[PDB]
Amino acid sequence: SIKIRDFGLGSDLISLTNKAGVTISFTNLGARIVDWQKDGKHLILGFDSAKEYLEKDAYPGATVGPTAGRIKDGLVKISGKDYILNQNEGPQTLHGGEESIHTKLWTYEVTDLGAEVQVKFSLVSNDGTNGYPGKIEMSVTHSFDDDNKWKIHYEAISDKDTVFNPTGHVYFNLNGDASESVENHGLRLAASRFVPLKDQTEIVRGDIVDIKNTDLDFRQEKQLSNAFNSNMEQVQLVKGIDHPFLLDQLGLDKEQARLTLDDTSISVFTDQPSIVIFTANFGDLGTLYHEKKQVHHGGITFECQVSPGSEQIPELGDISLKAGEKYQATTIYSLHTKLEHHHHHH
């Protein structure tokens, strides 16, 4: 079943329920996921109206770009030319600049396929918007099926050589309450290396470090508290995790990550090379989610994309997009029950 209603300020809320009774909902403001529930419990963080996003925090669950992450000094090199993008975090360009795509109302069309329902959102980034050559015709399709898979498919074409590396910014919290830390969740992540940050500004340090056998090694499932309690420099720097992890094996076919709490697991699949994980290191900010004050570590993202810092570490990849060339990315979050035995106490 598909239901639509106004969500505030002119945005709409699109709610889908699959054959299993799982419901998930999106909004065209930022081509964003708003909620995902199983048996009455929220699996992610979200607000109850469009205004909350604009007033409290506009990133949760949004589509961010054109480039996700921080670009040191807003500087990119496109076809031998240097371009300076909007700088909204000190001299850095963070998540595409100020008032980026996550803040716009995208147009959308819903396609009902029976076992799968697709919500395709569209937006055009005009040439020069925030410094980015364009125009860029973008589209994000969010779909949910009877197998409990929520898939995100990105597509884009530019009139000019530009850069493109968007991501989905959902925050999960299997406690179903923002005021509860995700330290009690188990995390499995197929990555042997990470990208350290230079300092508090969060630009990349310049090197790639192996994390096997450290507190950031999650190849084998472990509680998130292990990282949070860590005194490793990088953890202390950000007060949790806020880094890109380099996937060891690429391919949409492999389970790159798995987040579990009791009988519920979320599996992550993607065709991208890294996953930036940020664990809501907000301290005492206490943003209210459904009237609950969010706690430090009250959520975790899995931003699949090309790792930020490629400007400094070419080995990370190349996010350039040639004129006329079609960009595509696919990321999938799948819900499972009793995938494994996870019985712990904090």
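All residue numbers are counted from 1 along the displayed sequence.
Across the two stretches, 187-195 and 79-87, the PDB entry reports the greater mean Cα temperature factor for 79-87. Here 55-63 and 283-291 are compared by their mean Cα B-factor, and 283-291 comes out higher. Of the candidates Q272, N173, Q236, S139, the deposited coordinates give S139 the top C-alpha B factor. Taking the PDB entry at face value, the top CA B factor among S158, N165, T107, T201 belongs to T201. Per the PDB record, residue ranking by Cα B-factor puts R32 in the lowest third of the chain. Among all modelled residues in this chain, the alpha-carbon of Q305 has a temperature factor (C-alpha) in the lowest third. Looking at the C-alpha B-factors along this chain, the one for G134 belongs to the middle third. The deposited CA B-factor of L252 belongs to the highest third of values across its chain.
In the PDB entry, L16 places in the highest third of its chain by CA B-factor.
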